[PDB]
């Protein structure tokens, strides 16, 4: 049950920040797969600039962009536990929700 | 009321259970890290994936660098335990460490420096308002329908026999044995590899944990049981590798838990578990002993072996005066006792004067765990 | 963005594919020299033409001097490989070598001095800002939808079995086999010439390459396949010479790729390809092996033979523990994998700290390829 | 008195030594088969010779059928070991197997089924009155001027660390490591072939055995030794093929025996040799440990490497309590120890009640070797 709740809350939270960048996400298990809005979300809440995104829609382009986000987070003293770009690119729910909480905890708490 | 409530974290060798004090059951029970290649990796049967998470990173742990284990029941790997805890708070309970006190449990007889390193991490690395470290068998006892008795608690890193008079552990008669579940997974793999078996690849070092837990048994009479291994037919059972391959186990199944009763099997001078219950009982008040024999309760994952209640009974019945009613108690859920004993305890208003606070940790350092947690 | 981007050059035995990092497909795919007579020549059925170019100079290579091959998958002729590369930059991609880093690919198990001569040429002869040399099978893996697995990469000059945990090749368990496509073109021509055939004229040494690629097959059971050559009717097929003449091939078609499984056919002591996948898997972490059997991916031109997925499966299923789920993966495009794995890799900002720079080459010399490219 | 006396047969990977119990030295020491073509053969530079014998049949073993090896120290080829033994009795000692008990030696940690196949052959095929199989390191110990100590025995197929109190091996603290001389010949050939070398023809698979034994060395500090390979000048030495050709070996010479200390080099999870001596010592009686550190004796062909005494000392000195006097003993003849320890043992009237007799073998079968030989 926690899974459905966490998805709704985390999504609403992400959206309340992304809206400042003029975008939103609908399905958390889809909209962060390419890492674009994930990177966008991080720049919004930190007020910092992440590396530029890689242009392209291929799997490897997604891994590269999600890794830019994951590395940025890790650089903030965060230990991405068993959280790899592959799972994020693959749209894995548990891993995706785990990542967003890590971000919520690190940048807002 | 929820947001505020201590988080009970029970740290088992096979399983971790974490929840909120005042609750009936663990909210997160999970298998007991993020691993980045530290050399541009990726198998070509995966994306350029350079963080493997969970168990697909256990089975490349050797080729990867892991950011955060339990074996002293004892923690052998501190950054991968750090990973587990970060995942407990930030991904499983979805909590913030700096707003909740934590009760962490620990092995009977847990090494000194371990108690201090988990005080250390919890305070400096997770910035915990407060914390306490309770031995696991003692929370099994508090959570039962009993108040006087002796618990025999066998986790992953320690075993203790604790006599309790009216909800109060008697620290002089507590005895610690450093032989528990990890000692038995290890000894199983050596007797299995001695039979020319091969547990050569990482994940499969964790595959002895499932044979151990799935096929081991405690023998009533080791001696007539060994020749009731030579009268085989029904004793060998098989286990299947991930690899497709087969294992066959026979005398090994009961020879593994026997190291609990005879630690000479392990190369240890220690008395076995049956003698240590008896030697704590002899150290207690003359007028509660009869109560402690009538209420011998077993708790912990290593007490789950078929035959252990009967063999504990048979053995305490031999050392005990020729009259004692000896009632060994082995509640079938001896599966969540450590966690609900801690959930009870960390919810009483009693307990808030029992923690080690952020203030005290500063004041003293990590050493204070030895003072306040007994 | 285009002008600047590394150029990926994949150097195959039959085909070369060259393009720009960040791109989806090779921009130039071509057949794998300028040849001047070095004795006033000209056939009187041509102008006084003293530079023959491309393939009309392959078929007079013996009578001509050629300015710039691949067979160690391995390069046997260095000035005609130099020609190919000059044509890659200056005629196919229409690029300048001194402004783009190059990722060149190479055979699994490519000889030492080869790695150094291609470091050598690239730096001194083309004045390359930077370069890297990746094994071909490892870029097949990175380009797939997978991150853990083992790839079996068979090009023209080498074969390697590479276990990959989370995008990271495990160098201790990598195994190199020096038998790949050229070894099989060569062995085909000898068994065909043993049947009293005649591949006597230059171009037609390259005509065994097309029989090999067009008619060879991998047998499920070599043994019952050989007597299902003696129960002929349907096994002999014919090939037509440029000369007008006819070839007929029968037991040879499956007997050629069989040298991959049994290199005794070639006079080599080596294990075949099915044993080498299994011996890399045994060298890895106990906890990822089950992942490596479920993700055996084949990549490279020599993996294109009908029957190789089934016969690889049948054979790994015989050595593997009696339980392993074994999933051999053989994506039908196992036609551009090496090039798009390199295009991905050389586009990541990750990679610029991975090249051997002009500076480093000066500093060290050609040897540095051994240090940095693993 | 001669005719009657057990025959001691020591079965080494490179050398076999065979003699009569009660004797001071081996009577037959020889290199470790009759091979008939099984296809009418003969080179025209030999008579119609269809039995090649000894080593001129090793180097056509691949083209010939051989009637009777050692590599599990372990026997990989059972009919060619059968040949060796037939030659031991019938050609070297000129003895009859059915009148003499045999003590055969075996590798530390020798596989189960091997012990049984050599019980099997010896009884059924040579019709031996009796036999015993002793581990080689334990006969090295008995033959020395010492009675308490721990021997580290490294042959061809196994290594064991054996603690001995007063002439009696302590079986609980014995530890077996399946890495010995064959593992090191094999790893040498792979690092030499990785340098693009070619050990392609039969005899020359045995030519790595002589480089290994002739040029290898154990480094004191592997790490400062590897950069004292890059400050070359004096480290590369050359070896000459039968073929006329040259080998040059450098970092390889010390990198080969290093797999004993770090079996990760071999892809093995095992502790090295220095840790295993220390972990047997920790398993013994608290009151003999000080004796076991003062008497660490090395025995076996794989202990012959320059630097192994010093490096064993340096390493046990790091794990050992900060006070132990540690005396590593490495008698320079650590060349015939296994054979004269067996000659002593099989001459005592003590020993005749220690064999497995023809009667017992019938009674039990081949399994009995596990019972009686420990």
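Heads up, residue numbers simply count up from 1 along the chain you see.
Recorded method for this deposit: electron microscopy, 15.0 Å.
Even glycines carry a Cβ here, placed using N, Cα and C.
The N-acetylaspartate annotation in Swiss-Prot covers B:1. Taking the Cβ of residue B:1 (N-acetylaspartate) as reference, no residue of its chain lies under 8 Å away while being at least six apart in sequence.
Within 10 Å of the C-beta of residue B:43 (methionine (R)-sulfoxide) we count 33 further C-beta atoms, all protein chains included. According to Swiss-Prot, the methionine (R)-sulfoxide annotation covers B:43 (among others), on the basis of experimental evidence.
The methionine (R)-sulfoxide annotation in Swiss-Prot covers B:46 (among others) and is backed by experimental evidence. Within 10 Å of the C-beta of residue B:46 (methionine (R)-sulfoxide) there are 31 other C-beta atoms, taking all protein chains into account.
The feature tele-methylhistidine is assigned by Swiss-Prot to B:72. DSSP classifies residue B:72 (tele-methylhistidine) as coil under the three-state reduction.
Per Swiss-Prot, the feature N6-methyllysine maps to B:83; the stated evidence is experimental evidence. In the three-state DSSP reading, residue B:83 (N6-methyllysine) counts as helix. Spatially close to residue B:83 (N6-methyllysine) yet at least six residues away along the chain are B:33, B:34, B:66, B:67, B:68, B:69, judged by Cβ distances under 8 angstroms.
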For chain C, which of the modified residues B:1, B:43, B:46, B:72, B:83 fall under 8 Å by Cβ?
B:43, B:46
Taking Cβ atoms only, which of the modified residues B:43, B:46, B:83 fall under 8 Å from chain A?
B:46, B:83
Inter-residue Cα distance where the pair is residue B:72 (tele-methylhistidine) and residue B:43 (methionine (R)-sulfoxide), in Å:
34
Other than its own, how many Cβ atoms are within 10 Å of the Cβ belonging to residue B:72 (tele-methylhistidine)?
21
Measure from the CA atom of residue B:72 (tele-methylhistidine) to the CA atom of residue B:46 (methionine (R)-sulfoxide) and give the result in Å, rounded to a whole number.
36
Specify the secondary structure state of residue B:1 (N-acetylaspartate) as given by DSSP, simplified to three classes.
coil
